């Protein structure tokens, strides 16, 4: 029996989460995507959105539409290689969602609207058992980063969890290696050079909570505060209060880069750090941390499924000769694609643990 | 008397109408902007928005804020050249706006929410005498294009009017000159190569009424239907049914161009046409239709106050040799800025006529 | 027996011809790419250029490098799928190139420096038998557009040919269908909304032969004259003097669109034209002309192998109701990719004809 | 009375220096621009380039062109406010270029091809006295940064100087303040998020000396090594070997930002640093170092003539609370505008010291 999954919110992440599932052959074997929800039930429009993607190209699998019953006016069901997905109408309140009627057990919460634990807990009243919030959460939801602290998931305690942010998923693997291998981090500040996102504006618009963020996205460099570096504190508790950073939002539609500057806890060298990151990526961080030693630019990381892709040449070439403590590490991430894979990874991990906890 | 103006909507459209008015030296002298009405009343934010523009640069005057009474916590009044503008909270119904109490006679309706004549007529109940919709209108509002048909304004009959669209304001002066000068138009098709706008999306997103328009704006050429060419029929009734057109939305934040292809009603030449357009711009179309014979690109038309800037070189170089009927005309427009000045021009024209009708 | 091919010029144009050749699975079996010629001999850089593409993604074939003889300083040979490719140095005169010694029969002339029939004829003195200029040519070189007039190729007369331009390859199939299906073309004007190209400038630069062309490419709409519509008169001689046009260069890195406005030679309808275009694309224009009836934007045509992709929705929605003569047709092209495959198609066609004519 | 100056390399940098030479209102009175030189001598083309700027808008002074002698085909003399400027033809070698015959002492070297001191010394043999390289130099030329070490100019020992790079001119004022205020700098790493430049490519192209730098500029984040931070160690000798950095080239046409992370030599706070930068900006650094406490984005710094504009909000919000040593400072620069004003500022400073000590 496949894991019965519902996706609440069918946008960049919702759809990329679905692409990941499909491409890795999980659909209908490991995971059953029972339903997807967005603004309407117009399956033809959902199919169009899945089929064509400015950044990630044409969806390579056929998407067709059909009716759940003849009593329905328009197609409300997606069909992907025989797999049927009901398109359900959005709700203001998660507890009204028919998860129980649908047999959905795991909900991927990707609207951006229910990041408060109490809000997301709505899904549990609707019949679901577990919720993965595809973003930082508030209200004490356990935060899990695949490859860093995901084994801290506890089936009997953790029902609404957060998969953190794409940025935290790039940074945390790096910091994890530094901490685990005994380099340590005394202090660190991160800058992410970040592609614009759905929240931004095409031309100067209205943004009362984020004045800079209201300015035209694809013509400016736009600074922002970010919780990503501080969030590593919750995932790697020893780093609590030692890390913060900021974002510069720049005119690319996808792919971002972390520029971490930090002080190590012991004498080391960039060469030693470089060697450790490469080893980690070949071993205990495989599939999470990758690396390159080629002359790559942002377009070259499109569709990379790793959380963090360490840039060896950028890092080795741009550090201080002979330096023992104060270093810069550069790492890339396809902010849509790697993160979406991590959501799927996390659901799979949770289901495995839930199964085990039964007996 | 300085005419008493209120602006409903102080998003980008209302903002730029205000900035154009100020640029013309009109604030506190010819026009009393009494109030702006909007979701937010944070004058500080409004002042920030006026002060800095990604496209149009720095505002020529200083903007400060103050309080309407010592009681208010956050500044709720804008000040420019000594002139106070109250920031008023938006109302669900225009009927409920305090235009009567504020002594506002003319309302610039820029929200895009009240483009139906009967909806905009609510301002009249609110206390206003006249409404200019800064967009195409429905429900029978008289449409007026400065330099083309504005003299059709009838003070006793027209209380809710439309200034049409920026595109119609580019195209109509061209068609007007072709008809007035005896070339005639048998049939025409227009293409506008158009900067992206606020209605578009940074990344691929939901756009139920415009699928193409949901796609990432700054990395796509995005076709669209448009009403601009058909609308010319309403200001030049003899072209009714002879014109239509489309748009290609492209990754520039401002400035657009009309590419008009048409059949003349008599044998002529592109040289005759070129000469007529130039003659008209220097005379009866002065301030509305301009022209260039220089090697200009879109950036060169930023902050141009004219409705239409005929590209003599692009036109003369790209027509068929010896052709007598089938022609292309190229004309530019700062889609934000010319239109803003036209909204002001129209209010001023209506005001002069209203007063002439009374005294 | 596979044909022996050399690529004069291995810039972006030459590169993509090669990738297209591999994509069709012709390397080794149908075509032998014996050598490339460039100012550069470095092969490692070539492999890097071949491996990563900002627009077209990652090359699906593994590229390694090696030496032709252990005597040479650095690698001078590319290895794709076990197939070896020599890198030779550029010559002042094409007569000096060693095609005869290399055993190369067919040369793809993609430098742009030997656009004249006489200059490109040097390749024949260098031991080659046929030349394909991957650009418009002068000096009376035969211009061949696949699916339009390629059967006009004559093995004993035509030894140096042109594959025209990417824009001509988009427009010509459209005009060809209009002519062959009996609609005809009395007059037409074409506008291409064109992605920026290598010849353009990142920031306002120097471009003495094209003043507008020197301006910042990714932030301007930039008009240009073009020869593409005129060149259709060479391919479809009945249209000589009936067609011209222009382009607007816009801020996208690849994919362009033709906007053709024309008067038919008989009374017809947009519905009749739409049906003919679709019928043609399924039959005698298969692989050259395609169509969509979906809500597509420029990204959706990336990596499309067709010369011309007719946009049925954009065409049907944006024509004049009940019109019998004056029509607009919209058609897309990946300006790099469709054309690259056509260069390869032409070579294959010339090969098989040369084979038959020798028999 | 006026300084006899000749701009060599009337490209981007050459022109903007010239515009700064006029913007300050000193053409004719204090500085006499004798001659400019690019490759062509089309005054008409030069005037067009000067009139229209994609980034900086319309030039505020009217430009005309005339002939110097009736014997030559087209004009070769520019006229700005009555002041006449000749357009001499470039030489491949600076020594062949006739500066003495023209009577030019101060030459602004802005071709970018004569960055070697020995090669740039040719200007002297050609008949000129003083040279200012508008870029970093190699071979032992004296590097001067306005507001930092410009008073180290030695009128008898320094003939071919360097105004550094725009990035160095942003970073140096910051570090200078840190050093002079007693904060100290133990170690520093700098990242510049840099607008693309003329050396970059519209689409993937050939860049043998920088593989990443050949990739399409307006659609990629492109990392690069830089010398700007190391160059500061040369201009502020107490920091030699203690600073380095890198850049990320992003899709904006102008304006850049320095992200400096450093370790102070003793206990301080971000509040003390912030207060110090503000004070310095108002005092000893006035006109070189500016600051903002507003919510600005890159477009807002277009036309700012300061070398470095410290971002107070971005700095104060994105540091670690109660930290005493490890800090991030964010400072902006119009990489075109500020630097051009400094080139003018330097020549003028050199002018006085040359005629007070050596005269």
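In order of appearance the chains are A, B, C and D, and numbering begins at 1 in each one.
Here is the rule we use: a residue touches a chain if its C-beta (ideal position, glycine included) is under 8 Å from a C-beta of that chain, and two chains touch if they have at least 3 such contacts.
By count of C-beta pairs in contact, B-C exceeds the other of the chain pairs B-C and A-B.
Comparing A-C with the candidates B-D, C-D or A-D, the pair whose contacts agree for more than half of the residue-numbered pairs is B-D. Averaging Cα coordinates per chain places chain B and chain C 42 Å apart.
For the pair chain A and chain B, the distance between mean C-alpha positions equals 42 Å.
Annotation for chain A: residues touching 2 or more other chains are 48, 52-55, 211, 215-216, 218-220, 251, 295-297, 299. Looking at the complex, you find that chain C touches chain B at residues 187, 189, 191, 193, 211-212, 215-216, 218-223, 225, 241-246, 248, 250-252, 255-257, 259, 261, 263, 295-299, 311, 314, 317-321, 323, 325-326, 328, 330. By the touch rule above, chain D contacts chain B in their complex via residues 48, 52-55, 57-58, 219, 294-297, 299-300, 302-303. Of all residues in chain C, those touching chain D in their complex are 11-12, 40, 42, 45, 48-49, 52-55, 196-198, 200-206, 208, 211, 214-220, 251, 253-254.
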